[PDB]
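Going by the entry's author numbering, the sequence shown runs without a break in its numbering and finishes at 164.
Step one of this worksheet: look at the structure below.
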Amino acid sequence: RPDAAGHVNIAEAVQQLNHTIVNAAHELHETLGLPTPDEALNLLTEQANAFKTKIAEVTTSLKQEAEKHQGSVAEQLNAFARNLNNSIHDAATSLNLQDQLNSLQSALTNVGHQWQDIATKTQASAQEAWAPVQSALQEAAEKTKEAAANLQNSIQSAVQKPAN
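Take a look at the structure:
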């Protein structure tokens with residue numbers, strides 16, 4: 001199909017970021033074995049703490065658009081943006097030697113699942129639906145993606161450093 005009829009664009013566009021977060025999310029469990037089944041949390045926690053606050057800056061970019069005019073329709077999306085601050089607030093806080101990796105994959109994936117919600121609304125409106133979010137999501141997907149690159153970079157750089 002040609003881009004799925006044509007209304008599909010944000011779900012397909014954001015999908016490019018999903019390939020990144022899913023990679024680092026799976027690498028987090030792979031790096032956990034590199035050092036030990038406990039101390040490894042330090043490598044993930046140190047990196048996850050940067051991505052946790054980084055989303056706070058990216059999520060604000062979405063609600064920031066509602067402080068000019070989008071706020072009318074954005075009001076429903078404002079509930080989706082705040083959910084990210086709640087997911088990151090408790091993404092790297094549970095350090096019970098299991099919540100770090102479990103919360104990281106659920107946290108990094110949370111932004112991917114939450115974006116899927118609005119990515120679908122474009123199918124309903126199509127013309128105006130993406131217009132206001134295109135600037136907030138396109139500018140947030142690039143900033144959140146940059147955080148995933150540096151995040152996986154440590155996990156991939158720490159696992160490749162020793163190599164067997």
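Virtual Cβ for every residue (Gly too), placed ideally from N, Cα, C.
Since residue i and residue j are thought to touch, with beta carbons under 8 Å apart, how far apart are those beta carbons, to the nearest angstrom?
i    : j    : result
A147 : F51  : 5 Å
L77  : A140 : With 8 Å as the limit, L77 and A140 do not qualify as a contact, their Cβ atoms being about 12 Å apart.
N110 : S125 : Not a contact, Cβ separation roughly 25 Å.
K121 : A129 : 5 Å
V14  : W115 : 5 Å
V58  : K143 : 5 Å
For the alpha helix (DSSP H) containing residue i, list its first residue and its last residue.
i   : result
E39 : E39 -> no alpha helix (DSSP H), and no H or E assigned at all.
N9  : Looking at the DSSP string, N9 is not in any alpha helix (DSSP H), and its letter there is neither H nor E.
Around the C-beta of residue i, are 16 or more other C-beta atoms found within 10 angstroms, so that it is buried, or is it exposed?
i    : result
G112 : buried
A149 : exposed
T20  : buried
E65  : buried
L17  : buried
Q70  : buried
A163 : exposed
Confirm, please, whether the CB-CB distance from residue j to residue i is below 9 Å.
i    : j    : result
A40  : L34  : yes
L44  : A92  : yes
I10  : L137 : yes
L101 : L28  : yes
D38  : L97  : yes
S154 : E30  : no
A119 : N85  : no
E12  : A5   : no
Contained alpha helix (DSSP H) runs [length at least 4] in the segment 61-146, N- to C-terminal order = Annotation: the segment 61-146 contains the following complete segments of the alpha helix (DSSP H) (minimum length 4 residues), in chain order: 71-89 and 99-125.
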